[PDB]
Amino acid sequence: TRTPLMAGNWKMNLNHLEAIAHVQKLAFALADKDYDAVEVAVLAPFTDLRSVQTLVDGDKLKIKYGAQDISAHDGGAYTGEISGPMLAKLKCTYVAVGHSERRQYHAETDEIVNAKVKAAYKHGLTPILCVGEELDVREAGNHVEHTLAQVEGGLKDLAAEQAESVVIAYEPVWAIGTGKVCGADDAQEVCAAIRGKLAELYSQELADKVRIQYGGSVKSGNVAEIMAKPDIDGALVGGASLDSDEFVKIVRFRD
């Protein structure tokens, strides 16, 4: 079965010194039994990736790191953008792509995200395809249908030999910064459908290898029921990824 992946998304937090400290903290608190059973990753601000790489290389940490975004292009006249080759030279493993914040604040489209998905693979990175429906879609009872299309759009023209290693993170945008909670049954339902949609686009042999993360509000209280689910293989953690003790707990969803 699938090795679960716990990715801490720092968002726009931590300077390069704080990044160094926080990752040290994590390495202090985690033990061999932790890395043996669960995959641990931190997605750090661009400006922090060099500091995290030298530390990760320096103290030989088992913690993975990745970016929070990537340019669809390989290089060139794209002011402010960070390319696949740049993230690769810093030896990032992952890159969150299509995070709900970027679909909203920066008008990222399925077409744009798909391109970023492809740029990631072209460049030896593993994309974390962030998908999810807002409130209106959930009220319409079409949530899976929308999420299932988003996964397909994001995965457009992607060969199975790449897709086999992809990560999908489901963000129930209707229920994260929201008093409405998305229970594990609700997320299991989408994450099941997602694996079901992947089966159609590819093969059940592939679909069972793809880690599907939960991207709602994940805390120590939540993490157990969510994880028990048969088609949830990890979590893309928000605010709690910034708290050393709470991230370490999540990595041990085995409360």
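Numbering starts at 1 and runs along the sequence shown.
Visitor: Select between 223-231 and 24-32 the stretch whose C-alpha atoms have the higher average B-factor in the entry.
Guide: It is 223-231 that shows the higher mean C-alpha B-factor.
Visitor: In the PDB record, does 186-194 or 61-69 carry the higher mean Cα temperature factor?
Guide: That would be 186-194.
Visitor: Just grab whichever of 135, 97, 167, 88 has the top CA B-factor as deposited.
Guide: So the option with the highest C-alpha B-factor is 135.
Visitor: If you compare 210, 38, 44, 41, which has the highest Cα B-factor in the entry?
Guide: Going by the entry's C-alpha B-factors, 210 comes out highest.
Visitor: Could you say whether, by C-alpha temperature factor, residue 125 belongs to the lowest, middle or highest third of its chain?
Guide: Middle third.
Visitor: Where does the C-alpha B-factor of residue 109 rank in its chain, lowest, middle or highest third?
Guide: Middle third.
Visitor: What third of the chain, by the recorded C-alpha B-factor, contains residue 181?
Guide: Highest third.
Visitor: Comparing against every modelled residue in the chain, figure out the third that the C-alpha B-factor of residue 139 lands in (lowest, middle or highest).
Guide: Highest third.
Visitor: Pull the Cα B-factor of residue 201 out of the PDB entry and bin it into the chain's lowest, middle or highest third.
Guide: Highest third.
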